[PDB]
C-alpha cells in the first residue's frame, strides 16, 4: 500500500519484473537519419530510443536522446543516428533491481538493456520504469 513497502517489494525484484518487454519497445536504427528519429519522437513521445544495429531488436548498441534529436535536426537532419547515439549498460534478466540501478550509475547511463541467455533482448529499463513500481 504505502511507499516504504513498495520500496521493500521492489528491493527484491529482478530486471525481468520491471522492464519494458522486447515486444513493447520502440527503437531506431544506427543508419536512420536524425530526421527519421525526429518524426518518431513526435509520434511516440518517449524521450529515449534504443538504437539497433542491422535493424535487429536483438542488437541494441546504445540509445538516442530526444534532446539530441531535436537539437541536431535544426543543424543537419540528414546525419545518421550514430552521430548522436550514446552508451547503454546491459544486465541479465535475473539481476536484482537495485543492482541494475547501480550498474546504470557506475556506467553513467540512463538505460539498461535486459539480455537473455542467448544475448538477445528481453527488454529495457530506465528511471521511468522504477518510478512506476514505487508510485503506481
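Residue numbers count along the first chain shown, from 1.
Visitor: Would you tell me which stretch averages the higher CA B-factor in the PDB entry, 86 to 94 or 39 to 47?
Guide: Averaged over C-alpha atoms, the B-factors run higher in 86 to 94.
Visitor: Quick one: say whether 9 to 17 or 120 to 128 has the higher mean Cα B-factor in the deposited entry.
Guide: Result: 9 to 17.
Visitor: Specify which of 58, 102, 76, 29 carries the largest Cα B factor in the deposited PDB entry.
Guide: Of the candidates given, the C-alpha B-factor peaks at 102.
Visitor: Sorting the chain's modelled residues by C-alpha B-factor, tell me whether residue 111 ends up in the lowest, middle or highest third.
Guide: Middle third.
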